[PDB]
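Peer 1: Compact mmCIF, C-alpha atoms and all ligand atoms, file structure29.txt:
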# COMPACT_ATOMS: atom_id res chain seq x y z
CA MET A 1 -22.98 -3.26 -0.41
CA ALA A 2 -20.43 -2.68 2.43
CA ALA A 3 -19.83 0.53 4.35
CA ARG A 4 -16.08 -0.32 4.52
CA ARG A 5 -13.78 -0.74 1.45
CA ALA A 6 -10.14 -1.94 1.03
CA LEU A 7 -8.37 0.89 -0.94
CA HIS A 8 -4.57 0.48 -1.13
CA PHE A 9 -1.24 -0.59 0.36
CA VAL A 10 1.47 2.08 1.01
CA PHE A 11 4.89 1.05 -0.42
CA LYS A 12 8.00 3.07 0.70
CA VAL A 13 9.96 3.71 -2.57
CA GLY A 14 13.77 4.23 -2.58
CA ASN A 15 14.17 4.31 -6.41
CA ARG A 16 11.08 5.73 -8.19
CA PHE A 17 12.35 5.12 -11.80
CA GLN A 18 12.96 1.37 -11.12
CA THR A 19 9.68 1.09 -9.08
CA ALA A 20 7.58 2.76 -11.89
CA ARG A 21 9.20 0.44 -14.49
CA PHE A 22 8.45 -2.74 -12.44
CA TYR A 23 4.76 -1.73 -11.88
CA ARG A 24 4.27 -0.71 -15.59
CA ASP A 25 6.49 -3.21 -17.49
CA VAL A 26 6.26 -6.34 -15.26
CA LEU A 27 2.91 -6.19 -13.35
CA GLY A 28 1.22 -4.36 -16.28
CA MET A 29 -0.43 -1.88 -13.84
CA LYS A 30 -0.94 1.83 -14.80
CA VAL A 31 -0.52 5.26 -13.12
CA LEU A 32 -3.94 6.39 -11.74
CA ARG A 33 -2.79 9.57 -9.92
CA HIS A 34 0.55 11.38 -9.32
CA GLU A 35 0.93 14.14 -6.63
CA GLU A 36 4.11 16.17 -5.71
CA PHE A 37 4.18 17.41 -2.04
CA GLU A 38 6.25 20.08 -0.21
CA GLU A 39 6.00 19.93 3.67
CA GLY A 40 8.47 22.77 4.36
CA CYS A 41 10.88 22.43 7.30
CA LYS A 42 10.57 22.78 11.14
CA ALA A 43 13.99 24.63 11.17
CA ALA A 44 15.82 26.12 8.09
CA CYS A 45 15.21 23.88 4.98
CA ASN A 46 18.47 21.80 4.66
CA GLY A 47 18.99 21.06 0.89
CA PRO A 48 16.38 21.52 -1.89
CA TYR A 49 14.80 18.05 -1.14
CA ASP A 50 13.96 18.58 2.59
CA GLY A 51 10.19 17.95 3.08
CA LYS A 52 9.73 17.07 -0.67
CA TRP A 53 7.88 13.81 -1.47
CA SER A 54 5.49 12.27 -4.07
CA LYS A 55 2.52 9.90 -4.02
CA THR A 56 1.73 7.78 -7.09
CA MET A 57 -1.32 5.46 -7.13
CA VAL A 58 -0.69 2.43 -9.43
CA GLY A 59 -3.11 -0.47 -10.13
CA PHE A 60 -5.33 -2.01 -12.85
CA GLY A 61 -8.15 0.64 -12.79
CA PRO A 62 -9.93 3.50 -10.98
CA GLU A 63 -9.53 3.42 -7.16
CA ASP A 64 -13.38 3.26 -6.78
CA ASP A 65 -13.39 -0.42 -8.00
CA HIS A 66 -9.73 -1.61 -7.55
CA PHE A 67 -7.13 -2.22 -4.79
CA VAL A 68 -3.96 -0.31 -5.74
CA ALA A 69 -0.41 0.58 -4.62
CA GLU A 70 0.31 3.97 -2.89
CA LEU A 71 3.96 4.54 -4.00
CA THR A 72 5.39 6.95 -1.38
CA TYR A 73 8.70 8.56 -2.48
CA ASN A 74 10.76 10.94 -0.28
CA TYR A 75 13.38 12.69 -2.53
CA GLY A 76 15.87 12.57 0.45
CA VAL A 77 15.41 8.81 1.32
CA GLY A 78 17.08 6.15 -0.93
CA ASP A 79 16.66 2.83 1.01
CA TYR A 80 14.20 1.02 3.38
CA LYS A 81 15.24 -2.23 5.14
CA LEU A 82 12.32 -4.70 4.58
CA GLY A 83 11.19 -6.69 7.67
CA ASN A 84 8.85 -9.74 7.64
CA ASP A 85 5.61 -7.77 8.27
CA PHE A 86 4.38 -7.52 4.61
CA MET A 87 4.28 -11.06 3.07
CA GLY A 88 2.99 -9.92 -0.37
CA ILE A 89 0.11 -9.10 -2.76
CA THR A 90 -1.44 -11.94 -4.83
CA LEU A 91 -2.88 -11.11 -8.28
CA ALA A 92 -4.16 -13.11 -11.33
CA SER A 93 -2.23 -12.21 -14.58
CA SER A 94 -0.59 -14.53 -17.20
CA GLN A 95 0.29 -11.11 -18.82
CA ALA A 96 2.49 -10.20 -15.75
CA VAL A 97 4.08 -13.72 -15.90
CA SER A 98 4.97 -13.21 -19.66
CA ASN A 99 6.26 -9.66 -18.94
CA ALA A 100 8.57 -10.99 -16.18
CA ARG A 101 9.79 -13.78 -18.57
CA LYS A 102 10.35 -11.47 -21.60
CA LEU A 103 12.20 -8.91 -19.34
CA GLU A 104 14.19 -11.70 -17.53
CA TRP A 105 12.85 -10.34 -14.20
CA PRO A 106 13.37 -13.33 -11.84
CA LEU A 107 10.25 -15.53 -11.12
CA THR A 108 10.04 -18.56 -8.74
CA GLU A 109 7.11 -21.05 -9.09
CA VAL A 110 6.06 -21.58 -5.38
CA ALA A 111 2.88 -23.61 -6.26
CA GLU A 112 1.32 -24.95 -9.53
CA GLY A 113 0.91 -21.82 -11.74
CA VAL A 114 1.89 -19.33 -8.93
CA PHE A 115 5.09 -17.29 -9.45
CA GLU A 116 6.77 -15.29 -6.62
CA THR A 117 8.47 -12.06 -7.77
CA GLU A 118 10.07 -9.06 -5.93
CA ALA A 119 9.50 -5.36 -6.70
CA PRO A 120 12.40 -2.95 -6.12
CA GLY A 121 12.72 -2.80 -2.29
CA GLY A 122 12.08 -6.59 -1.97
CA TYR A 123 8.23 -6.29 -1.71
CA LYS A 124 6.76 -9.67 -2.79
CA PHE A 125 4.09 -10.12 -5.51
CA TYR A 126 2.43 -13.53 -6.21
CA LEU A 127 1.36 -13.94 -9.88
CA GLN A 128 -1.31 -16.56 -10.74
CA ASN A 129 -0.53 -17.72 -14.35
CA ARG A 130 -4.19 -17.36 -15.52
CA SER A 131 -6.04 -14.86 -17.80
CA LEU A 132 -6.66 -11.34 -16.42
CA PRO A 133 -10.07 -11.93 -14.76
CA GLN A 134 -13.21 -9.90 -15.62
CA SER A 135 -12.43 -7.64 -12.58
CA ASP A 136 -9.51 -6.38 -10.41
CA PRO A 137 -6.56 -8.82 -10.80
CA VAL A 138 -5.52 -8.03 -7.13
CA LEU A 139 -6.96 -10.79 -4.82
CA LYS A 140 -5.25 -10.27 -1.41
CA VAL A 141 -2.59 -8.67 0.79
CA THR A 142 -0.94 -11.05 3.30
CA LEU A 143 0.38 -9.68 6.65
CA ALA A 144 2.38 -11.63 9.32
CA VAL A 145 0.83 -11.83 12.86
CA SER A 146 2.33 -13.12 16.18
CA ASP A 147 -1.04 -14.24 17.74
CA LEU A 148 -3.84 -15.17 15.26
CA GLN A 149 -6.80 -15.07 17.78
CA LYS A 150 -5.64 -11.65 19.14
CA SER A 151 -5.57 -10.40 15.46
CA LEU A 152 -9.07 -11.82 14.62
CA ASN A 153 -10.52 -10.16 17.79
CA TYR A 154 -9.10 -6.82 16.50
CA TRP A 155 -9.79 -7.14 12.72
CA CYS A 156 -13.24 -8.91 13.10
CA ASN A 157 -14.80 -7.89 16.49
CA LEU A 158 -13.51 -4.23 16.41
CA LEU A 159 -13.14 -3.37 12.66
CA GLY A 160 -16.02 -5.66 11.47
CA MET A 161 -14.16 -7.71 8.80
CA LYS A 162 -15.88 -11.01 7.78
CA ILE A 163 -13.98 -14.37 7.83
CA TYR A 164 -14.01 -16.00 4.32
CA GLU A 165 -11.49 -18.69 5.47
CA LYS A 166 -10.07 -19.66 8.90
CA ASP A 167 -7.49 -22.42 9.62
CA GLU A 168 -6.37 -22.57 13.32
CA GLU A 169 -3.96 -25.46 12.43
CA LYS A 170 -2.26 -23.48 9.56
CA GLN A 171 -2.52 -20.22 11.65
CA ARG A 172 -4.21 -18.34 8.74
CA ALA A 173 -7.46 -16.34 8.09
CA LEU A 174 -8.79 -14.66 4.90
CA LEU A 175 -10.77 -11.50 5.89
CA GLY A 176 -12.79 -9.06 3.76
CA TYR A 177 -15.56 -6.45 3.86
CA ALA A 178 -17.17 -7.91 0.63
CA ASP A 179 -16.76 -10.62 -2.09
CA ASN A 180 -15.77 -8.02 -4.76
CA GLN A 181 -12.92 -6.45 -2.66
CA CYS A 182 -9.24 -7.25 -2.09
CA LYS A 183 -9.01 -9.65 0.92
CA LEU A 184 -6.64 -9.31 3.95
CA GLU A 185 -4.78 -12.59 4.71
CA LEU A 186 -3.36 -12.90 8.27
CA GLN A 187 -0.53 -15.50 8.56
CA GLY A 188 0.90 -16.59 11.95
CA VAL A 189 4.74 -16.40 11.45
CA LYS A 190 7.84 -17.73 13.23
CA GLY A 191 10.04 -15.52 15.48
CA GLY A 192 7.87 -12.36 16.00
CA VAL A 193 6.86 -9.55 13.57
CA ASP A 194 9.71 -7.10 12.61
CA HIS A 195 8.58 -3.86 10.81
CA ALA A 196 12.22 -2.68 10.27
CA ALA A 197 12.13 0.49 8.00
CA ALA A 198 10.01 -0.59 4.90
CA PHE A 199 6.75 -1.08 6.98
CA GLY A 200 3.71 0.24 5.06
CA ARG A 201 0.02 0.78 5.83
CA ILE A 202 -3.31 -0.64 4.61
CA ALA A 203 -5.98 1.99 3.82
CA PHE A 204 -9.76 1.46 4.10
CA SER A 205 -12.67 3.89 3.43
CA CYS A 206 -15.72 4.13 5.78
CA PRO A 207 -18.63 6.64 5.69
CA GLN A 208 -17.14 9.83 7.28
CA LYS A 209 -19.79 9.64 10.11
CA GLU A 210 -18.03 6.40 11.34
CA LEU A 211 -14.57 8.07 11.74
CA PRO A 212 -15.12 9.74 15.18
CA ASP A 213 -16.92 6.59 16.54
CA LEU A 214 -14.08 4.33 15.17
CA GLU A 215 -11.57 6.55 17.04
CA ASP A 216 -13.72 6.38 20.24
CA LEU A 217 -14.20 2.55 20.11
CA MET A 218 -10.39 2.06 19.88
CA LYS A 219 -9.84 4.43 22.90
CA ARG A 220 -12.50 2.53 24.94
CA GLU A 221 -10.88 -0.88 24.03
CA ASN A 222 -7.31 0.39 24.82
CA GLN A 223 -6.05 -0.06 21.18
CA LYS A 224 -3.27 2.13 19.64
CA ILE A 225 -4.26 5.38 17.89
CA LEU A 226 -1.27 6.61 15.81
CA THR A 227 -3.05 9.72 14.39
CA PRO A 228 -6.34 11.10 15.81
CA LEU A 229 -9.00 12.33 13.27
CA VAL A 230 -7.29 14.99 11.03
CA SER A 231 -7.83 16.78 7.68
CA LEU A 232 -5.15 16.02 5.03
CA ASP A 233 -4.76 18.34 1.99
CA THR A 234 -3.55 17.37 -1.54
CA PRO A 235 -2.48 20.23 -3.91
CA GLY A 236 -5.40 21.22 -6.22
CA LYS A 237 -7.68 18.38 -4.93
CA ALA A 238 -10.24 17.38 -2.24
CA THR A 239 -9.41 17.33 1.51
CA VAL A 240 -10.10 13.98 3.25
CA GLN A 241 -10.31 12.98 6.93
CA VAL A 242 -8.16 10.09 8.29
CA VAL A 243 -7.70 8.17 11.53
CA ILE A 244 -4.39 6.12 11.56
CA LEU A 245 -4.50 3.01 13.88
CA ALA A 246 -2.03 0.19 14.83
CA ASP A 247 -3.21 -3.48 14.94
CA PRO A 248 -1.99 -5.72 17.81
CA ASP A 249 1.36 -6.46 15.95
CA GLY A 250 1.76 -2.72 15.05
CA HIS A 251 0.62 -2.92 11.36
CA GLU A 252 -0.46 0.65 10.37
CA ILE A 253 -4.14 1.05 9.27
CA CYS A 254 -5.59 4.19 7.63
CA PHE A 255 -9.37 4.86 7.76
CA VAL A 256 -10.46 7.71 5.44
CA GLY A 257 -13.97 9.16 4.81
CA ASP A 258 -15.23 7.49 1.57
CA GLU A 259 -17.41 10.42 0.31
CA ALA A 260 -14.47 12.94 0.09
CA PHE A 261 -11.89 10.22 -0.72
CA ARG A 262 -13.97 9.36 -3.89
CA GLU A 263 -13.51 13.07 -4.91
CA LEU A 264 -9.68 12.90 -4.20
CA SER A 265 -9.20 9.48 -5.94
CA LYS A 266 -10.67 10.36 -9.40
CA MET A 267 -8.37 8.61 -11.95
CA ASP A 268 -6.30 11.48 -13.50
CA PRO A 269 -5.61 10.90 -17.26
CA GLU A 270 -2.49 13.20 -16.96
CA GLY A 271 -1.10 11.08 -14.02
CA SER A 272 1.27 8.98 -16.19
CA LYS A 273 2.76 12.12 -17.87
CA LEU A 274 2.98 14.00 -14.49
CA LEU A 275 5.03 11.01 -13.13
CA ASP A 276 7.33 10.87 -16.23
CA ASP A 277 7.89 14.71 -16.08
CA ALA A 278 8.66 14.56 -12.30
CA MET A 279 11.11 11.62 -12.87
CA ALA A 280 12.77 13.50 -15.82
CA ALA A 281 13.12 16.55 -13.42
CA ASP A 282 14.30 14.60 -10.29
CA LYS A 283 18.08 15.31 -10.01
CA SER A 284 18.18 14.23 -6.28
CA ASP A 285 20.69 11.36 -7.01
CA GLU A 286 23.09 13.84 -8.77
CA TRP A 287 22.56 16.30 -5.81
CA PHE A 288 23.53 13.79 -3.02
CA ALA A 289 26.46 12.58 -5.26
CA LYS A 290 27.96 16.14 -5.53
CA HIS A 291 27.42 16.53 -1.72
CA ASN A 292 29.42 13.22 -1.18
CA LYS A 293 26.66 11.92 1.21
CA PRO A 294 23.93 9.26 0.80
CA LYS A 295 20.12 9.69 0.93
CA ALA A 296 18.95 8.80 4.49
CA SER A 297 17.80 5.18 5.19
CA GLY A 298 14.24 4.59 6.58
CL CL A 301 1.09 4.35 -16.71
CL CL A 302 23.53 23.07 -3.55
CL CL A 303 -12.96 -4.03 -13.08
CL CL A 304 -9.25 -4.69 -13.93
CL CL A 305 -2.76 5.49 3.57
CL CL A 306 -4.44 7.91 1.52
CL CL A 307 24.69 20.41 -5.99
MG MG A 308 32.45 14.83 -4.68
ZN ZN A 309 -10.99 -3.28 -13.46
ZN ZN A 310 -3.15 6.15 1.64
ZN ZN A 311 25.00 21.38 -4.13
Let me see the file written as structure tokens.
Ligand SMILES: [Cl-]
Ligand SMILES: [Cl-]
Ligand SMILES: [Cl-]
Ligand SMILES: [Cl-]
Ligand SMILES: [Cl-]
Ligand SMILES: [Cl-]
Ligand SMILES: [Cl-]
Ligand SMILES: [Mg+2]
Ligand SMILES: [Zn+2]
Ligand SMILES: [Zn+2]
Ligand SMILES: [Zn+2]
Peer 2:
Amino acid sequence: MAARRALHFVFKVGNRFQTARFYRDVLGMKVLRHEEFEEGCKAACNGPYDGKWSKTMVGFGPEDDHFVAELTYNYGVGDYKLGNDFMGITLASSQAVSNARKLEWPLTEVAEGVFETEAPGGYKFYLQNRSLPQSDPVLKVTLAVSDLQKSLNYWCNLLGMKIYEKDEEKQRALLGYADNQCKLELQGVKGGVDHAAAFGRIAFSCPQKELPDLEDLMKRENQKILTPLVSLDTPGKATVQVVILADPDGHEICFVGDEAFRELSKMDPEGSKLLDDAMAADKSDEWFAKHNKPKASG
């Protein structure tokens, strides 16, 4: 097998209704889990939405054997300016292509049988017009880098990702922890990496014993640690441990202990209905409207 496993990409969601509809009705993905969070407030809670946020996992199957989207919704935040850091997710589905066509959701053929589309927020998805394969339709996430060799030294020498493809001349590498996982594509881009406000995070699992040594290695090597090892709670569900890191271009990386994460990430059959009930009950847009002020921007 592999110790380390590609889990998900965090997407900052302005409009949850429109995001849920794109992921269900265009990509043909499903709700795996839905969790409503309340952080409370440092000072007096300003409005009924302060510290209130949701996490919805969407993808083609259980998180154990699929790479999925972590839809992060803050009830008080309505827009995120998208930079050039996240270049898209590529997946194989003629079903998604048909869905887009039937729903008149714009599609652009960028190579033979490959259709570029945009989720709400401008996040790019690349749809291969071929049959749903006999496993996870998600093939890769592509991230922009300023200095390819600097990025390979980080992602390969420090984090232990294998090189499936490397092209110095095209300034591109395809990395992965295993054949049966989502791959990470690094693409040298023009004009620097800009994270703006929509910047997400790529999550991997390792055995929990590796978390403190992963933190130490990054300290020793002078790499950025965004969040030292910490326990994160989810209402009515397992506590996991995370270290949050920053690659050489500042892409956020989450490492989480696999053994407890597998208890947290059980596919919840009620997830879809919990999302629909929370959306039916979300009057945040009407609240901000009556207060004559917008949701914050990322
Ligand atoms: Cl669903
Ligand atoms: Cl009020
Ligand atoms: Cl599968
Ligand atoms: Cl699947
Ligand atoms: Cl994460
Ligand atoms: Cl997570
Ligand atoms: Cl009100
Ligand atoms: Mg008014
Ligand atoms: Zn599957
Ligand atoms: Zn996550
Ligand atoms: Zn009011």
Peer 1: Which residue out of A:60, A:126, A:9, A:86 has the minimum interatomic distance to ligand CL 306 (chain A) when only C-alpha atoms and all ligand atoms are used?
Peer 2: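 Checking each of A:60, A:126, A:9, A:86 against ligand CL 306 (chain A), counting only C-alpha atoms and all ligand atoms, the winner is A:9.
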Peer 1: Please identify all protein, DNA and RNA residues within 10 Å of ligand ZN 309 (chain A), counting only C-alpha atoms and all ligand atoms, and report them as a CSV table (one decimal) with C-alpha atoms, in the frame of the given file.
Peer 2:
chain,number,residue,atom,x,y,z
A,59,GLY,CA,-3.1,-0.5,-10.1
A,60,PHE,CA,-5.3,-2.0,-12.8
A,61,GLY,CA,-8.2,0.6,-12.8
A,62,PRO,CA,-9.9,3.5,-11.0
A,63,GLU,CA,-9.5,3.4,-7.2
A,64,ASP,CA,-13.4,3.3,-6.8
A,65,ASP,CA,-13.4,-0.4,-8.0
A,66,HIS,CA,-9.7,-1.6,-7.6
A,67,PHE,CA,-7.1,-2.2,-4.8
A,132,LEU,CA,-6.7,-11.3,-16.4
A,133,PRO,CA,-10.1,-11.9,-14.8
A,134,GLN,CA,-13.2,-9.9,-15.6
A,135,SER,CA,-12.4,-7.6,-12.6
A,136,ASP,CA,-9.5,-6.4,-10.4
A,137,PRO,CA,-6.6,-8.8,-10.8
A,138,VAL,CA,-5.5,-8.0,-7.1
Peer 1: Rank nothing, just name the residue among A:158, A:226, A:197, A:144 nearest to residue A:173, using all atoms listed in the file.
Peer 2: A:144
Peer 1: Go ahead and compute the interatomic distance for atom CA of residue A:190 and atom CA of residue A:171, in Å to one decimal.
Peer 2: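 Separation of atom CA of residue A:190 and atom CA of residue A:171: 10.8 Å.
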Peer 1: Within 12 Å of ligand CL 305 (chain A) (counting all atoms listed in the file), which residues show up? I'd like them as an mmCIF file with C-alpha atoms, keeping the file's coordinate frame.
Peer 2:
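Final file, result.cif:
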data_model
loop_
_atom_site.group_PDB
_atom_site.id
_atom_site.type_symbol
_atom_site.label_atom_id
_atom_site.label_comp_id
_atom_site.auth_asym_id
_atom_site.auth_seq_id
_atom_site.Cartn_x
_atom_site.Cartn_y
_atom_site.Cartn_z
ATOM 1 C CA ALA A 6 -10.140 -1.940 1.030
ATOM 2 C CA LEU A 7 -8.370 0.890 -0.940
ATOM 3 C CA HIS A 8 -4.570 0.480 -1.130
ATOM 4 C CA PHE A 9 -1.240 -0.590 0.360
ATOM 5 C CA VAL A 10 1.470 2.080 1.010
ATOM 6 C CA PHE A 11 4.890 1.050 -0.420
ATOM 7 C CA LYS A 12 8.000 3.070 0.700
ATOM 8 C CA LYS A 55 2.520 9.900 -4.020
ATOM 9 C CA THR A 56 1.730 7.780 -7.090
ATOM 10 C CA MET A 57 -1.320 5.460 -7.130
ATOM 11 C CA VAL A 68 -3.960 -0.310 -5.740
ATOM 12 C CA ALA A 69 -0.410 0.580 -4.620
ATOM 13 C CA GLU A 70 0.310 3.970 -2.890
ATOM 14 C CA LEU A 71 3.960 4.540 -4.000
ATOM 15 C CA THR A 72 5.390 6.950 -1.380
ATOM 16 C CA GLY A 200 3.710 0.240 5.060
ATOM 17 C CA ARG A 201 0.020 0.780 5.830
ATOM 18 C CA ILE A 202 -3.310 -0.640 4.610
ATOM 19 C CA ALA A 203 -5.980 1.990 3.820
ATOM 20 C CA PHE A 204 -9.760 1.460 4.100
ATOM 21 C CA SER A 205 -12.670 3.890 3.430
ATOM 22 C CA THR A 227 -3.050 9.720 14.390
ATOM 23 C CA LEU A 232 -5.150 16.020 5.030
ATOM 24 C CA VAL A 240 -10.100 13.980 3.250
ATOM 25 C CA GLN A 241 -10.310 12.980 6.930
ATOM 26 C CA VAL A 242 -8.160 10.090 8.290
ATOM 27 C CA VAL A 243 -7.700 8.170 11.530
ATOM 28 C CA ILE A 244 -4.390 6.120 11.560
ATOM 29 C CA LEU A 245 -4.500 3.010 13.880
ATOM 30 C CA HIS A 251 0.620 -2.920 11.360
ATOM 31 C CA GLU A 252 -0.460 0.650 10.370
ATOM 32 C CA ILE A 253 -4.140 1.050 9.270
ATOM 33 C CA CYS A 254 -5.590 4.190 7.630
ATOM 34 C CA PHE A 255 -9.370 4.860 7.760
ATOM 35 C CA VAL A 256 -10.460 7.710 5.440
ATOM 36 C CA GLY A 257 -13.970 9.160 4.810
ATOM 37 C CA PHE A 261 -11.890 10.220 -0.720
#
Peer 1: Sort by chain and increasing residue number a table of all residues of chain A within 8 Å of ligand CL 301 (chain A), each with its closest pair of atoms and their distance in Å to one decimal, counting all atoms listed in the file, and write it as a tab-separated table.
Peer 2:
residue	atom	partner	partner_atom	distance
A:24	CA	A:CL301	CL	6.1
A:29	CA	A:CL301	CL	7.0
A:30	CA	A:CL301	CL	3.8
A:31	CA	A:CL301	CL	4.0
A:32	CA	A:CL301	CL	7.4
A:58	CA	A:CL301	CL	7.7
A:271	CA	A:CL301	CL	7.6
A:272	CA	A:CL301	CL	4.7
Peer 1: Considering all atoms listed in the file, state which residue in the set A:215, A:36, A:50, A:233 is at the smallest distance from residue A:278.
Peer 2: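 Closest candidate: A:36.
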